[PDB]
Amino acid sequence: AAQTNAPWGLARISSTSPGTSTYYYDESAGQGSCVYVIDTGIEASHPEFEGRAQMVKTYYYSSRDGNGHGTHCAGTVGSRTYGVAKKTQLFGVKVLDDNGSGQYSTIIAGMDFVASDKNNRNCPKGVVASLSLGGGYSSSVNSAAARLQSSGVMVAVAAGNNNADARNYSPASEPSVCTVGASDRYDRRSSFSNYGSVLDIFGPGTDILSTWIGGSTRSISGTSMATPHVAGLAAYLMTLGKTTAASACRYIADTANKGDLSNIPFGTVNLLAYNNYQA
């Protein structure tokens with residue numbers, strides 16, 4: 001399948017070169033997979049989600065996304081126009097308040113929630129969790145991410161936006177999950193992207209168009225935007241049967257575009273997520 005005039009990041013993940021604008025992908029499109037977006041919520045009524053999104057958990061007075069961040073991330077995972085995996089099922093877990101903030105205890109509870117809640121959902125092709133959040137190093141936060149991954153969920157986490165080594169941030173620094181840095185449309189490391197040996201992969205993160213609250217759209221930047229590209233890619237590849245939740249991060253690294261990004265610090269992987277789809 002081909003989506004013309006796609007957001008640059010979608011085009012990038014199906015291309016061996018920057019500078020194109022059509023997204024190519026197998027029509028299975030992540031059908032039968034599920035992606036949890038652990039964030040500020042999801043505006044499930046957005047036409048872009050087509051009834052495939054729902055809120056399943058909140059720790060606050062509402063499950064609605066009063067911020068936009070979670071809706072944007074969910075859109076990059078799975079919206080019809082802005083999403084990688086256009087037929088996946090999206091589940092929102094609101095661990096962040098409408099200012100985008102959340103306590104680590106709530107975030108940990110949300111991860112353990114997903115590890116159990118997937119047993120209440122129909123995801124025959126597999127389960128992914130996208131965590132566009134983080135703060136300073138916490139062994140308890142890392143352990144929660146490791147449990148979620150161990151339970152059979154492909155965990156993708158943002159590297160962080162500090163232009164610093166991600167070893168000092170959580171859950172970015174957890175070795176067993178997939179830690180995602182950000183790149184721009186010219187294959188440069190995004191100016192704010194964290195780096196370091198803990199990174200597993202880069203995805204598009206600068207000037208990413210996606211869904212927003214109020215039934216709208218906007219372009220924003222962050223490792224928060226790169227992470228759902230990888231989460232959606234994992235769901236898509238799991239639906240194709242090419243990999244599993246336990247092996248998808250390694251598979252994405254195996255099949256990535258290699259050595260094509262600029263300003264990658266010595267010791268950080270030079271790997272850009274790629275769907276290897278041959279039309």
# chains A, B, ... in the order shown; residues from 1 in each chain; ligands from 1
$ select_by_dssp --residues "stretch 8-235 of chain A" --states "strand (DSSP E)" --output "JSON, numbers by chain"
{"A": [23, 24, 33, 34, 35, 36, 37, 38, 39, 53, 54, 55, 56, 57, 58, 89, 90, 91, 92, 93, 94, 126, 127, 128, 129, 130, 131, 135, 136, 154, 155, 156, 157, 158, 169, 170, 178, 179, 180, 181, 182, 183, 201, 202, 203, 204, 208, 209, 210, 211, 212, 216, 217, 218, 219, 220]}
$ residues_around --residues "residue A:192" --least-positions-apart "4" --cutoff "9 Å" --atoms "only C-alpha atoms" --output "ChimeraX atom specification"
/A:160-164,182,222-223
$ write_last_selection --atoms "N, CA, C and O atoms" --output "short mmCIF file (atom, residue, chain, number, x, y, z; two decimals), in the first residue's frame"
data_model
loop_
_atom_site.label_atom_id
_atom_site.label_comp_id
_atom_site.auth_asym_id
_atom_site.auth_seq_id
_atom_site.Cartn_x
_atom_site.Cartn_y
_atom_site.Cartn_z
N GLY A 160 14.63 10.68 25.86
CA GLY A 160 14.67 11.94 26.57
C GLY A 160 15.22 13.07 25.70
O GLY A 160 15.88 12.85 24.68
N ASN A 161 14.94 14.30 26.13
CA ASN A 161 15.14 15.50 25.32
C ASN A 161 16.17 16.45 25.92
O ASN A 161 16.05 17.67 25.79
N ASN A 162 17.21 15.91 26.55
CA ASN A 162 18.19 16.69 27.29
C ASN A 162 19.51 16.86 26.56
O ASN A 162 20.44 17.45 27.12
N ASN A 163 19.63 16.37 25.32
CA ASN A 163 20.92 16.30 24.62
C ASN A 163 22.01 15.77 25.56
O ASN A 163 23.09 16.36 25.70
N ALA A 164 21.70 14.66 26.23
CA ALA A 164 22.57 14.11 27.26
C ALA A 164 22.55 12.59 27.16
O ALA A 164 21.75 12.00 26.42
N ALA A 182 15.76 10.45 18.62
CA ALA A 182 15.03 11.20 17.60
C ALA A 182 15.95 11.72 16.51
O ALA A 182 17.06 12.18 16.80
N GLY A 222 10.09 15.88 19.55
CA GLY A 222 10.59 15.28 20.76
C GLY A 222 10.93 13.82 20.55
O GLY A 222 10.51 13.19 19.58
N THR A 223 11.71 13.27 21.49
CA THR A 223 11.81 11.82 21.52
C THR A 223 10.47 11.18 21.82
O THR A 223 10.27 10.01 21.49
#
$ closest_atom_pairs --of "stretch 94-201 of chain A" --to "stretch 23-42 of chain A" --cutoff "7 Å" --atoms "only C-alpha atoms" --output "Markdown table"
| residue | atom | partner | partner_atom | distance |
| --- | --- | --- | --- | --- |
| A:94 | CA | A:41 | CA | 4.6 |
| A:95 | CA | A:39 | CA | 5.6 |
| A:96 | CA | A:40 | CA | 4.6 |
| A:97 | CA | A:40 | CA | 5.8 |
| A:98 | CA | A:40 | CA | 6.3 |
| A:100 | CA | A:40 | CA | 6.2 |
| A:123 | CA | A:33 | CA | 4.9 |
| A:124 | CA | A:32 | CA | 5.7 |
| A:125 | CA | A:33 | CA | 4.7 |
| A:126 | CA | A:33 | CA | 5.0 |
| A:127 | CA | A:34 | CA | 5.0 |
| A:128 | CA | A:35 | CA | 4.6 |
| A:129 | CA | A:36 | CA | 4.6 |
| A:130 | CA | A:37 | CA | 5.0 |
| A:131 | CA | A:38 | CA | 5.5 |
| A:132 | CA | A:39 | CA | 6.8 |
$ write_last_selection --atoms "N, CA and C atoms" --output "CSV table (one decimal), in the first residue's frame"
chain,number,residue,atom,x,y,z
A,94,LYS,N,-3.8,6.7,31.2
A,94,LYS,CA,-3.5,8.1,31.6
A,94,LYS,C,-2.8,8.1,32.9
A,95,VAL,N,-1.4,8.0,32.8
A,95,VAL,CA,-0.6,8.2,33.9
A,95,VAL,C,0.0,9.6,34.1
A,96,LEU,N,-0.2,10.5,33.1
A,96,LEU,CA,0.2,11.9,33.2
A,96,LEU,C,-1.0,12.8,33.3
A,97,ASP,N,-0.9,13.8,34.1
A,97,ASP,CA,-2.0,14.7,34.2
A,97,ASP,C,-2.1,15.6,33.0
A,98,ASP,N,-3.0,16.6,33.0
A,98,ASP,CA,-3.2,17.4,31.8
A,98,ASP,C,-2.1,18.5,31.6
A,100,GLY,N,0.9,17.3,31.7
A,100,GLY,CA,2.0,16.4,31.2
A,100,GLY,C,2.8,15.8,32.3
A,123,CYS,N,-5.5,-9.5,21.3
A,123,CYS,CA,-4.3,-9.1,20.6
A,123,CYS,C,-3.6,-10.3,20.0
A,124,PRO,N,-4.2,-11.0,19.1
A,124,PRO,CA,-3.6,-12.3,18.7
A,124,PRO,C,-2.2,-12.1,18.0
A,125,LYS,N,-2.0,-10.9,17.4
A,125,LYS,CA,-0.7,-10.7,16.8
A,125,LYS,C,0.3,-10.1,17.7
A,126,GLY,N,0.0,-9.7,19.0
A,126,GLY,CA,0.9,-9.3,19.9
A,126,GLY,C,0.6,-7.9,20.5
A,127,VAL,N,1.4,-7.5,21.5
A,127,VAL,CA,1.1,-6.3,22.3
A,127,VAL,C,2.3,-5.5,22.4
A,128,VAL,N,2.1,-4.2,22.3
A,128,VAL,CA,3.2,-3.2,22.4
A,128,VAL,C,2.8,-2.1,23.4
A,129,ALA,N,3.7,-1.5,24.0
A,129,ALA,CA,3.5,-0.3,24.9
A,129,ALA,C,4.4,0.8,24.5
A,130,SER,N,3.9,2.0,24.4
A,130,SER,CA,4.6,3.2,24.0
A,130,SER,C,4.7,4.1,25.2
A,131,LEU,N,5.9,4.5,25.6
A,131,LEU,CA,6.1,5.3,26.8
A,131,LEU,C,6.9,6.5,26.4
A,132,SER,N,6.2,7.6,26.0
A,132,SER,CA,6.8,8.9,25.7
A,132,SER,C,6.8,9.7,26.9
$ closest_residue --among "A:2, A:15, A:150, A:72" --to "residue A:215" --atoms "only C-alpha atoms"
A:72
$ residues_around --residues "stretch 141-148 of chain A" --least-positions-apart "3" --cutoff "9 Å" --atoms "only C-alpha atoms" --output "JSON, numbers by chain"
{"A": [104, 105, 107, 108, 109, 111, 112, 113, 114, 115, 116, 129, 137, 138, 151, 152, 153, 154, 155, 157, 170, 171, 172, 173, 174, 175, 176, 177]}
$ atom_distance --atom1 "atom CA of residue A:6" --atom2 "atom CA of residue A:227"
18.1 Å
$ closest_residue --among "A:18, A:92, A:204, A:241" --to "residue A:228" --atoms "only C-alpha atoms"
A:204
$ closest_residue --among "A:179, A:88, A:5, A:45" --to "residue A:122" --atoms "only C-alpha atoms"
A:88
$ residues_around --residues "residue A:257" --least-positions-apart "2" --cutoff "9 Å" --atoms "only C-alpha atoms" --output "ChimeraX atom specification"
/A:15-17,253-255,259-261,270-274
$ write_last_selection --atoms "N, CA, C and O atoms" --output "PDB file, in the first residue's frame"
ATOM      1  N   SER A  15      11.634   3.993   3.802  1.00  0.00           N
ATOM      2  CA  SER A  15      12.551   4.404   2.754  1.00  0.00           C
ATOM      3  C   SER A  15      13.999   4.122   3.122  1.00  0.00           C
ATOM      4  O   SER A  15      14.390   4.213   4.289  1.00  0.00           O
ATOM      5  N   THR A  16      14.797   3.800   2.098  1.00  0.00           N
ATOM      6  CA  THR A  16      16.247   3.757   2.245  1.00  0.00           C
ATOM      7  C   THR A  16      16.904   5.122   2.080  1.00  0.00           C
ATOM      8  O   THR A  16      18.132   5.209   2.191  1.00  0.00           O
ATOM      9  N   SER A  17      16.136   6.179   1.826  1.00  0.00           N
ATOM     10  CA  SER A  17      16.675   7.515   1.624  1.00  0.00           C
ATOM     11  C   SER A  17      15.755   8.554   2.244  1.00  0.00           C
ATOM     12  O   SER A  17      14.527   8.410   2.205  1.00  0.00           O
ATOM     13  N   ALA A 253      16.436  -3.240  15.171  1.00  0.00           N
ATOM     14  CA  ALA A 253      17.845  -2.875  15.047  1.00  0.00           C
ATOM     15  C   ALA A 253      18.535  -3.653  13.923  1.00  0.00           C
ATOM     16  O   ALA A 253      19.305  -3.076  13.142  1.00  0.00           O
ATOM     17  N   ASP A 254      18.259  -4.963  13.819  1.00  0.00           N
ATOM     18  CA  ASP A 254      18.819  -5.805  12.752  1.00  0.00           C
ATOM     19  C   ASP A 254      18.508  -5.253  11.367  1.00  0.00           C
ATOM     20  O   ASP A 254      19.331  -5.350  10.446  1.00  0.00           O
ATOM     21  N   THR A 255      17.287  -4.761  11.179  1.00  0.00           N
ATOM     22  CA  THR A 255      16.772  -4.400   9.867  1.00  0.00           C
ATOM     23  C   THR A 255      16.795  -2.893   9.620  1.00  0.00           C
ATOM     24  O   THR A 255      16.291  -2.437   8.587  1.00  0.00           O
ATOM     25  N   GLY A 259      24.105   3.611   9.663  1.00  0.00           N
ATOM     26  CA  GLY A 259      25.163   4.543   9.327  1.00  0.00           C
ATOM     27  C   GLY A 259      24.730   5.759   8.546  1.00  0.00           C
ATOM     28  O   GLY A 259      25.578   6.430   7.948  1.00  0.00           O
ATOM     29  N   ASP A 260      23.434   6.079   8.543  1.00  0.00           N
ATOM     30  CA  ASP A 260      22.903   7.136   7.694  1.00  0.00           C
ATOM     31  C   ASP A 260      22.627   8.441   8.435  1.00  0.00           C
ATOM     32  O   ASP A 260      22.369   9.460   7.782  1.00  0.00           O
ATOM     33  N   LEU A 261      22.692   8.444   9.762  1.00  0.00           N
ATOM     34  CA  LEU A 261      22.412   9.640  10.542  1.00  0.00           C
ATOM     35  C   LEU A 261      23.692  10.413  10.830  1.00  0.00           C
ATOM     36  O   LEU A 261      24.761   9.829  11.029  1.00  0.00           O
ATOM     37  N   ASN A 270      24.068   3.993  15.283  1.00  0.00           N
ATOM     38  CA  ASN A 270      23.646   4.773  14.123  1.00  0.00           C
ATOM     39  C   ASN A 270      22.666   3.900  13.345  1.00  0.00           C
ATOM     40  O   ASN A 270      23.010   3.281  12.335  1.00  0.00           O
ATOM     41  N   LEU A 271      21.436   3.829  13.854  1.00  0.00           N
ATOM     42  CA  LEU A 271      20.402   2.930  13.354  1.00  0.00           C
ATOM     43  C   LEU A 271      19.086   3.684  13.312  1.00  0.00           C
ATOM     44  O   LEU A 271      18.678   4.271  14.320  1.00  0.00           O
ATOM     45  N   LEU A 272      18.436   3.672  12.151  1.00  0.00           N
ATOM     46  CA  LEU A 272      17.189   4.388  11.924  1.00  0.00           C
ATOM     47  C   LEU A 272      16.105   3.381  11.556  1.00  0.00           C
ATOM     48  O   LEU A 272      16.273   2.594  10.620  1.00  0.00           O
ATOM     49  N   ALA A 273      14.999   3.406  12.294  1.00  0.00           N
ATOM     50  CA  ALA A 273      13.928   2.429  12.121  1.00  0.00           C
ATOM     51  C   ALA A 273      13.452   2.386  10.676  1.00  0.00           C
ATOM     52  O   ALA A 273      13.234   3.423  10.046  1.00  0.00           O
ATOM     53  N   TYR A 274      13.239   1.169  10.171  1.00  0.00           N
ATOM     54  CA  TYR A 274      12.940   0.936   8.762  1.00  0.00           C
ATOM     55  C   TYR A 274      12.072  -0.313   8.641  1.00  0.00           C
ATOM     56  O   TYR A 274      12.394  -1.355   9.221  1.00  0.00           O
TER      57      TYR A 274
END
$ closest_residue --among "A:266, A:91, A:169, A:61" --to "residue A:136" --atoms "only C-alpha atoms"
A:169
$ closest_residue --among "A:54, A:120, A:211, A:190" --to "residue A:67" --atoms "only C-alpha atoms"
A:211
$ select_by_dssp --residues "stretch 51-134 of chain A" --states "helix (DSSP H, G or I)" --output "list in words"
residues 69, 70, 71, 72, 73, 74, 75, 76, 77, 78, 104, 105, 106, 107, 108, 109, 110, 111, 112, 113, 114, 115, 116, 117, 118, 119 and 120 of chain A
$ residues_around --residues "residue A:85" --least-positions-apart "5" --cutoff "8 Å" --atoms "only C-alpha atoms" --output "PyMOL selection string"
chain A and resi 29-31+77-79+232-233+235-236
$ write_last_selection --atoms "N, CA and C atoms" --output "mmCIF file, in the first residue's frame"
data_model
loop_
_atom_site.group_PDB
_atom_site.id
_atom_site.type_symbol
_atom_site.label_atom_id
_atom_site.label_comp_id
_atom_site.auth_asym_id
_atom_site.auth_seq_id
_atom_site.Cartn_x
_atom_site.Cartn_y
_atom_site.Cartn_z
ATOM 1 N N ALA A 29 -1.278 -3.757 8.084
ATOM 2 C CA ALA A 29 -1.339 -2.494 8.830
ATOM 3 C C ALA A 29 -1.487 -2.680 10.343
ATOM 4 N N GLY A 30 -0.907 -3.736 10.910
ATOM 5 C CA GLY A 30 -1.015 -3.938 12.343
ATOM 6 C C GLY A 30 -2.346 -4.479 12.818
ATOM 7 N N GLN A 31 -3.210 -4.934 11.916
ATOM 8 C CA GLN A 31 -4.471 -5.528 12.344
ATOM 9 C C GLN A 31 -4.213 -6.718 13.265
ATOM 10 N N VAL A 77 1.295 6.284 16.376
ATOM 11 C CA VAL A 77 1.199 4.825 16.388
ATOM 12 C C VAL A 77 0.225 4.338 15.330
ATOM 13 N N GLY A 78 -0.992 4.887 15.330
ATOM 14 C CA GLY A 78 -2.096 4.205 14.686
ATOM 15 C C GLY A 78 -3.229 5.013 14.084
ATOM 16 N N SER A 79 -3.098 6.327 13.928
ATOM 17 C CA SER A 79 -4.159 7.051 13.235
ATOM 18 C C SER A 79 -4.153 6.735 11.740
ATOM 19 N N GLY A 232 4.608 1.696 16.774
ATOM 20 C CA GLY A 232 3.771 1.313 15.651
ATOM 21 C C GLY A 232 4.477 0.367 14.698
ATOM 22 N N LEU A 233 5.770 0.595 14.453
ATOM 23 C CA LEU A 233 6.524 -0.310 13.591
ATOM 24 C C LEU A 233 6.536 -1.720 14.171
ATOM 25 N N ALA A 235 4.323 -3.120 16.167
ATOM 26 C CA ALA A 235 3.000 -3.718 15.999
ATOM 27 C C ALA A 235 2.807 -4.204 14.569
ATOM 28 N N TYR A 236 3.211 -3.383 13.607
ATOM 29 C CA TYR A 236 3.111 -3.726 12.193
ATOM 30 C C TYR A 236 3.911 -4.991 11.868
#
$ residues_around --residues "stretch 219-221 of chain A" --least-positions-apart "4" --cutoff "12 Å" --atoms "only C-alpha atoms" --output "count of residues only"
35
